[PDB]
Every structure is written in structure tokens, then in C-alpha cells.
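Visitor: Sending over a structure as C-alpha cells; questions will come in a sec.
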Ligand SMILES: CC(=O)OCC[N+](C)(C)C
Ligand SMILES: CC(=O)OCC[N+](C)(C)C
Ligand SMILES: CC(=O)OCC[N+](C)(C)C
Ligand SMILES: CC(=O)OCC[N+](C)(C)C
């Protein structure tokens, strides 16, 4: 050193770091990218819990994103931005346990509230390095310290032989928890306040956040929580120990691995790509919005099912912001429901709808699927292909996201939590998906992170202002447990969600509007009636 | 001797009576026998045609009311008593009534035949609300109404027996219908233009005549108000009628072997039979009736469901409808928490318990499905919502969805169907406001009672009754309730399975709506049965 920018040199527990001055529209920010927080989970360490990173000598370069965790790469629409923006943007490697930090430049002189991002992608994909997760805007405009981590996905993250030592399951969640521990020890070196840490995440990232809420060793590592379009409860976020065993064993067979020790040892000899090549061959039914390797109810990380834990938990101390986008299901329809495509209007027949329901509600008996169809049919125009297309989307959206979230918000509020709920209804003007998909899963993230503030991205002026409002809600919540601006009143208030009033807000170009009841009639169908059909048949 | 009031029918001569309607005279012939009294050994038996008589039969007065249960829930209260017998009870009750214009119509006039309701356990053609005076005077209609046997007398069946074969009260109706074919021309009626109409059990009866072949050559058009042959209450199986008859017999000390059991039942005074009429139902219930038409494989060759699903209805015109609050009336007759004397604000607990009684045949799982569907999840515990939903459950299950199913099957199988919902609450109604527009309270408007100034209806209601009398009689004339001279009201379109159009009848002009409680009736008509099947 001696000739470098003295504001980019920072020491952490493992040693010295050098970061990079980045440009944001309104001025510079500090970034520290690819900081290792675990020993590379390679070789004999595959499937194993992470071990904390051993200290390095000299100055670690933290100026570039590190490798993305080994994962399936989407091939449905090759060249198409709508899917490619979610694809890995760095080399795939099992050596991938790194985190990123953005802070004001120069670094804040007083302890600053910290936001920790956890990406989604079904627990089989994702990366903290994608463009839509760029922390520079929140850092620059809000003065926030933003942290994001890679965590293992797919088999590498979630393959489990429950009860074994060598593959106990949930290790991707343990990667996440280790990064939270890293923030506790080190974030003050960056001017971050370890006593004000807010988790946020979308989809599987949101289920992750919820699992940290429900897991006692994680509880002391953060203070507030944001869950966007995902929950730890519901039909996809977890599996039974028995089902996890069954999927691990089948995958083992499919790659030529015929006592748990022997089987796991043989899996550890397999090239990473082989595991990925076979990970979609283990699902019990033809399905969408189901993922092969996900958190498992081990009776350890998750001491009971997420359902049981939200029903009996004490959440007096907790503050949560939860919400959904207007069209949660539409995205998933093109990945497996015959009749659906990005390249046409996807008008479908009644027959194609009944077939779609079986794929979208894969665990449903015949009677249960008939209930779904009868509920979502418009009996005034039962054959209308536009209505049938839109109902198919709502089925998948309600079943996997909207009603799981409605449930969570009710259970948390009944048991002491301060809960704020939203529905995000603005379709980005630069969206490349067709109009029929409305406001698809994942397409609020862009706005929360402040991308429209970059003039080179071609968003409208209104979108720029709208993004600034949302960043303000998110960071006000991180800061105080309350998204409302303390100073400004009469400009509409966001009231807490309660069981008695069921209030939530619309997020769009218009000022906040307060609505009551989150899909209340339909979610009574999913959350109260459908289960009772099962546990009686 | 007024020559207008003197008629020769096939069985001899009759003398009627000049009655006064607000607009002028009408001729009435009340208490005309159409069958041999069904007494002694004829109890439970099909009716026999009335033997000829000498001289002039006096037909100036209503005859006895068929022997039936008399309501005692609210003694002296007009809202219940208006349906109670207004003449003496007697098993000797097979008589009918004819109103015609005065003077007698110069050319053959369309004929309307009224069939009363009363759950198949009660009713009479002599009630004030069934007065044919107004329709005769204003519309020039020939109006006919009969007594038919109710309760055990009309519907106690031991299926396959010769002495108590079931459905005799429907056969009573059929005989009155045959009498109209043979005799109505002498009164100026057109036997080639006969429209049946009826309400509740009367509408179910009209529907049973639609579904029974020997009845079909006896009328040309049909109106079913608030009732259907299909649904949960209008019929029972042979097995279930046998059981109820066998149980009642046991309760009155009779006696194994049909002949013997039926002979012993015939020795029993009428009131002994009625005394135990309400001790044979399988469940604690409301909107259920002990003795009703039976699926005998004869009058009804298969179930009403089977017959409407497979029938050919191409030559048929039908008018069907419901009132806005079909179920409210019934709740005070057995659902804890409900009374006419207060607002009936109930708890959630009272709502779940109320559902088991309103849907008595429902399994635990089906009951929950109903509760979950009718709960408003924004206001799950609000007493006003819970009360109104209880009413709605009972109305939909028993009348609205049964009607929606019938309307749909008829339209699809070639019938011409017009549907309505009746939404005006009579200003003179003695029932409380929370009951809204209850089961049975459209009848007085269609019969035209608001036209009697002594009765204290509003001017609005008089104009409104005139509109309804016109739709009903237009329908009788042509099979289309639209006025063929008026150039738009707007027009009442036919009900079809595609468009599902029906009209609201109230003080405002006709409004066309689409879909008769479509989402909720899918639940009852499509989902609940599938829940029955698999469980
Ligand atoms: C988008 C999505 O959920 O993909 C799952 C199906 N897959 C991985 C085989 C394409
Ligand atoms: C649907 C899926 O599996 O991945 C898309 C990326 N996501 C969920 C973060 C928007
Ligand atoms: C009013 C009604 O339909 O109930 C009949 C049975 N009752 C009155 C004997 C209890
Ligand atoms: C209590 C009962 O079932 O009958 C009421 C009279 N009715 C049905 C003609 C309106």
C-alpha cells in the first residue's frame, strides 16, 4: 500500500481486504466483492456443513464478484433476456462461498443499519452477483450497508440422507447462517451496525428468511425480516425427512451409486455436472413450482414442520414486512403446462385447464383437483379461453405464494408480530415477457434495489420516482421496524396487518391505497378446506 | 235465477255466485266435486271420478280443507295464520273452484290452473291469497284451483302394495286436470290452452306433471314458483317411504304384511295420524316433510334427476323463479337463535349447528365445506353476516340451486324457459325486516290482491301487481310473458344455458341479469354430489 485509495483498505477477522470505488448516479460507493466466509466446500466437504474460512496472509483483492455456486442453467428460451437475467453471470464452481458488501463512500462515521439480501431460485439456482441485486443504489441514496452472500443450491446445498453425519441436509441454510455470523463479527469494520440487521429475500430467499426466523440459532443474528413472494410454509419450500431420503437415494442410483457412508462417499466421487444433469429426474410427479432438493424437516435446523412452528411460535419481538406481486403464477406456466408459451397469447381450452391443474397442484387427489377446477371456473363463461388462461395462472400463484403468505401474515400477527403486507402491481415498462403474464414473480426486485435510478436502463421518470419511494419504505423498515416516513404525514399511511382488519397496501405508480383481506375467500379454500379434504378423504 | 250462474257439466248442473271485483262482477263456482270422497276404505287409495248427481248442485261456497296439521308456532299471528286452514278440516275434501269473467267469455279463453304449496303436508285452494277474482276480472282469465290430499292421506306409501301405492295426492291433481279437459269449455275455458302454475310444493307438483306421461296431454305450459321436482325435499325413494309408513304405523299401534298394516291404519281417526306425522323424519331438520311424492317407478318412472337429465322437452314453455330470501321463513321453525320477535343475530357456534339442521343429509366434511363457502372471511364472526348466510344456505340448497339446475336442463333439452327473481317486499308484511322477501310472499301480487283498496297496499304495489298479472297471463296466452303490443319494457329474454339471462321483478322496470347464483350453485349442483359419491 501507500499509493492506493486509503478508503478501500479494511481489515476483517480473516485478514486485510482491498475494495473498489463504484459509480452510482448520485455519487461514489464502496464495494467489497468476493470476500470468502467459509472453507471451499469441495472434495470431502461436499454435502457437509460449512467450516468458517481460515485467515489469509496479505491483502485479499475484493474488487470482483466470485464464482457462482454450481447449478442448473436455464435453456428454455436461449438468448431471451427475460430468462437470461437470472442465469449465472460468473464461472460455475463448487468453490463459491463468498459474500459482498456495499457501503457509502466515504464509509459512514456512525453505526449504520445493515440490510442482508438472500436470493431466490427454487434452492437450485441464483447468485448474489446478478445485476438486479446490485447494492450500489441503496448504499448511495439511502446510506445503507448492504450485504449479500452466495449459498449452495441443488444437490450441493440440499441433498440429504437425514440422520447421517456426511449429508445431514440443510447445508445451504447453514452457508447462509455462517454469513450472518460473519456480519456480526465484521460489519462494524465497514461502519455497519451489528445490532440493526434486517434480512430480506425473494421467493426461495424469502422462504430462507422465514426459516431463519423459525430456527433458534439464527434468531440472535438479526432483528427484522422482509419476505418477498415466498414463505417457509407452503407446498414447495420444504420436504419430509422420508421424501428427502427417497430423492437422494434415487439420484444416487441414476448416477451409478448403488449404509449411508458408502452411498455418500460414492456421490462425492461424481463430477458436479453429473449431479446437475440428473437433478430433475427425482420429482414424484410431473409438476411446476416444485424443486428437487430443498430444506428438509430434520428435527435440528427445523425442529418441526414450518406449519407447526408458525402455529405455536411466540413472535412478540418480531417485525416483518411480507408481500406478493400481482401475477405470481404466470412465469411458471411456460415451464411445463401444455398450451402455454411466451411467444403467443396462450389462450387455452377447458381440457388444457384440467390438465394444467394436475401439474400445478401435483399432490392433489382427483377430488381435490376437481374442487380447484370448480372454484376457479367462471360459471358464466366456463369455456372462455382468456378466463381459463388467467385462472390457470391464479391457481399456481395462489397455491404456492399468495395463500402461503396470507397464512403466514395471519399466524404471525395472531401471535405478537408487527406485520406489514403489500401487493406490488406495477409492470416494468422494460419487461420482455408478454403482456398476458402481467406482473410476474421476481419483477419487483428491480425497483426495491433502485435500478430505475440508472438513466442508462431506459425506465420512465415515474418509475424512477416510484423506485425511490420503495427504497424509502424498505430502508425505513430496516431502520425502525416501520416503513412509514416519520416526518411526512397525510401522504398515506401503511397500517399494520391484523387478524381483525386484514389491512395491506397497493404498491404502484399511484399513492398508497389501503385494501382489506388478502384474497380472503380463495385462501380459505387453500388453507382451511383443502387440508381437511386430505386428512379425511 | 241468473242464467250466467248456471252451468251443465258432465255430472249434472251447478249454480255459481256473482262475486264483486274492484273493476266489476265475476262468476265463481266454488266447491265442485271432482272425485268420490276418499273416505273409509278409500283412504290412501287413488281417487275415483265423482258419480253424477241430480238437480242443481250448490257451488256458491268453498268446500272443506283436506285434513292436515295446523300451525301453532305463533298463535294468532297473521304471518303464519294466513296459510292455516280457513274452512273445516275433513278427509272429504276433493273439490275444485272455477272463476270466469261475468258475462261468460264469448270465445274459448286460456285457462290457468293453480296448485297450492304447503310442503305436501298442508294448504287449501280457499286461502285469501289464492283468490281468482282479480285475474278473472282484469285479464279475462278462466282460473281453476283444486284441493288435493296432503300428509299421510295424500302421500303415505307402501310401494308395490295395491292398497297404499303412493302419490295419490298427485293423482288427485291429475283427476282435477282431467275434469278441466272434460268440463271447462262449458265455462268458456279453452281446454287446448291450459297453463299449470303453483308455488313451493305446488311448483314441485307442476314439475312432476311435466315428468309424468299420462299428465302431459292435460296441459300445454307450466309455471314453477319457488319449487322444483328435483332437489332434496320434493321426493323420497321407495325404501325411505316404506320405512316412514312402517314407523308411523308402529307409533299408532299397527299392527308385517302390507294389507294388514294398511287395514289397521284405515281404522284410525284422522287426528291420530297427524299426531305422529312429525315423528318419522330421519334427522333433526328444517325444510323437510314426512310424507311427499315417492319414486315408485310408476307416476315417476325414475328419479326427478334422472328424468330431467334424459327428457325431451322440445314442445314445452316454462316460467320459473325464486324470491330473494327463500330460506328466512324456515329458520324460526327449528334453528336455535332465530325468532320473528328479534333481529336474530347469531354466533358462529350457532351458525355451524344451524348448518347441520339446514343440510340434514350432509356428512361432517360436507357441512364444513358449506360453512367455509358461506363464511365471509373478512367478517367471519359478524352476527349480521352469520344470520344472512344461514338464510342463504337454506334458500340455495332447497330452492335457488334446484331451480337453476331445472332451468338449465330444460333449456338444453329443447324447452322454452323464462326465469325471474322476485325482490319486492310487501309493505303490509307482518314478518320482521331481517327475513326480507320470504318464501311465499310473491303469490299475493300475482293473484292481484293489491287491487283491492280495502287491503291497504300502496299505489306503487297496485301498478306492480298489474304488471305481474300481465306477465303471467301473457305467458298463459302465448308461452311468452312479453306484452305483444307494448314496444319494450325492456324485453324479458328467454333463459339459455349459454347466456343464463333472467329478470328482476320489483318496483323498478325489468332489469336483465346473467347467471342465477352461478358460482354458489356450482358448489351445490356439481361439487357436493361428487363429495357424496367418493364419501
Ligand atoms: C423455472 C423453473 O421452476 O424450472 C424448473 C424446471 N426446470 C429446472 C427443469 C427448468
Ligand atoms: C422461477 C425460478 O426458479 O427462478 C427465477 C428467478 N427468480 C425466482 C429469482 C425470479
Ligand atoms: C313450517 C314447516 O315447514 O315445518 C313443518 C313441520 N312442523 C311445523 C310440524 C315443525
Ligand atoms: C310453512 C310452509 O311450508 O308453508 C307456508 C305456506 N306456503 C308454502 C304456501 C308459502
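Per Swiss-Prot, chain A residues shown: 32-289, 296-574, in order.
Heads up, header says this was done by X-ray crystallography, 2.6 Å.
For all residues, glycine too, the Cβ spot is worked out from N, Cα and C.
According to Swiss-Prot, the active site, charge relay system annotation covers A:365, A:478. Residues or ranges marked as disulfide bond in Swiss-Prot: A:100-A:127, A:288-A:303, A:440-A:560. Here Swiss-Prot flags A:296, A:381, A:495 as N-linked glycosylation site.
Are these features on the surface or tucked inside, and what touches them?
Guide: Secondary structure from DSSP puts residue A:365 (active site, charge relay system) in coil. Its Cβ placed at the centre, residue A:365 (active site, charge relay system) has 27 other Cβ atoms within 10 Å.
Taken residue by residue with DSSP, residue A:478 (active site, charge relay system) is part of neither helix nor strand, so it is coil. Counting every protein chain shown, the number of other Cβ atoms lying within 10 Å of the Cβ of residue A:478 (active site, charge relay system) is 26.
Long-range C-beta contacts of residue A:100 (disulfide bond), restricted to its own chain and to partners at least six residues apart, with a cutoff below 8 Å, comprise A:123, A:124, A:125, A:127, A:157, A:158, A:181, A:182, A:183, A:184, A:187, A:188.
All chains included, 14 other C-beta atoms sit within 10 angstroms of the C-beta of residue A:303 (disulfide bond). Reduced to three states, the DSSP call for residue A:303 (disulfide bond) is helix.
Secondary structure from DSSP puts residue A:560 (disulfide bond) in a helix. Sequence-distant contacts of residue A:560 (disulfide bond), defined as residues of its own chain at least six apart whose C-beta falls under 8 angstroms from its C-beta, comprise A:435, A:439, A:440, A:443, A:444.
In the three-state DSSP scheme, residue A:296 (N-linked glycosylation site) is classed as coil.
DSSP assigns residue A:381 (N-linked glycosylation site) to coil in the three-state reduction, placing it in neither a helix nor a strand.
A 10 Å cutoff on Cβ-Cβ distances gives residue A:495 (N-linked glycosylation site) a total of 10 other Cβ atoms nearby, all chains included.
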Visitor: Nearest to residue A:365 (active site, charge relay system) by Cα, among A:288, A:381, A:478, A:495 (recorded positions)?
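Guide: If we rank A:288, A:381, A:478, A:495 by Cα distance to residue A:365 (active site, charge relay system), first place goes to A:478.
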Visitor: Select the most exposed residue of A:127, A:288, A:440, where exposure means the fewest other Cβ atoms within 10 Å, treating these as the disulfide-bonded residues.
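Guide: Output over disulfide-bonded residues A:127, A:288, A:440: least Cβ neighbours within 10 Å is A:288.
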Visitor: Given the recorded positions A:288, A:296, A:303, A:381, A:478, find the one whose Cα is closest in space to the Cα of residue A:495 (N-linked glycosylation site).
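Guide: Nearest listed residue in space: A:478.
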Visitor: Since the record lists A:296, A:381 as glycosylation sites, which of them has the fewest other Cβ atoms within 10 Å of its Cβ?
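Guide: Looking at the glycosylation sites A:296, A:381, the Cβ with the fewest others within 10 Å is that of A:296.
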Visitor: Out of A:296, A:303, A:478, which of these recorded positions is nearest residue A:381 (N-linked glycosylation site) by C-alpha distance?
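Guide: Going through A:296, A:303, A:478 one by one, the closest to residue A:381 (N-linked glycosylation site) is A:478.
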Visitor: Considering only CB atoms and a limit under 8 Å, which recorded positions from A:100, A:365, A:381, A:440, A:495 lie near chain B?
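Guide: Near chain B, no listed recorded positions qualify.
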Visitor: Can you grab the distance between C-alpha atoms at residue A:289 and residue A:296 for me, in Å and as a whole number, given the 6 missing residues?
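Guide: Per the coordinates, residue A:289 lies 10 Å from residue A:296, Cα to Cα.
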